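Next up: a single chain in structure tokens, the form deposited in one PDB entry.
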């Protein structure tokens, strides 16, 4: 059937460390001879509301930072700031460093999160970047510096590092260049925009239904992308982009259903409703399975 499934976490487990300033410990990512972690490890409680990160970092030295892999200290030999991350140079290249890249994902894309506490991995789950640049994650005190990732063959694409929980319970963080997703800032003040449904992934869900023989919702009509997007917005669905259309290409080819023809099917569902009928066993449309997920779980 269809499960939310994460990528195997071993290659990322091999990169997790803890970074401590004073009594403040969060997680870091050790790749070759660099450790990446959220810059607010250098904050005290009283700096959190409006920290002056440049001045806080001037007061630090290499020997202010305790970096550990397990209980083994990793000596810090340089430190600098890159946007909202610290880059700590260490004197040991991580022998478990996988093939990796740093990627900045788009809203709607999914990734696996390895939730870690004190450098120790606790659990792994899949989540989607919401259109408002938050994730609906599962993060407790001590989770900061946990990362999100995807795996392509042997290569780990790191896409997320965790920094904060917003008042509504959703989560915000950065890419591995330290740039936040969305408008958020790493100070202890912030509201996410109203969220919307990830149209790309609903379309993927419809394609998945068709692949599995559930196709009552197809119709004989089509739409333009503009007409679809104008309707979608009235129902709090995200507008489709050209990238979304391209990403649906494989599923469209697999089923023979043009992307804009599936858009016409979805438009009719939005305007008329499900009327009690179901799709893949549910009255509600799923929006956190990507086209990649559908193809992986339908075809392998």
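Residue numbers count along the first chain shown, from 1.
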Look at the stretch from residue 93 to residue 94 and count the residues of the deposited sequence that the entry does not model, then pick none, 1 to 3, 4 to 9, or 10 or more.
none
Using only C-alpha atoms and the B-factors in the entry, which stretch averages higher, 135 to 143 or 73 to 81?
135 to 143
Averaging only over Cα atoms, indicate whether 163 to 171 or 99 to 107 has the higher B-factor in the PDB entry.
163 to 171
Which has the highest CA B-factor per the PDB entry: 34, 272, 236, 61?
272
From 266, 48, 66, 251, which pick has the Cα B-factor that tops the rest in the entry?
48
Split the chain's modelled residues into thirds by Cα B-factor; residue 189 lands in the highest
Lowest, middle or highest third: which one holds residue 121 when the chain's residues are ordered by CA B-factor from the entry?
middle
Using only modelled residues of the chain, where does the Cα B factor of residue 178 rank: lowest third, middle third or highest third?
middle
Name the third of the chain's ranked CA B-factors that contains residue 215, choosing lowest, middle or highest.
highest
Residue 114: C-alpha B-factor third of its chain, per the entry, is the lowest
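Below, we turn to the form deposited in another entry, even though it does not appear here.
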Treating the chain as rigid parts that move against each other between the shown form and the other one, which of 196, 147, 150, 173 sits at a hinge?
196
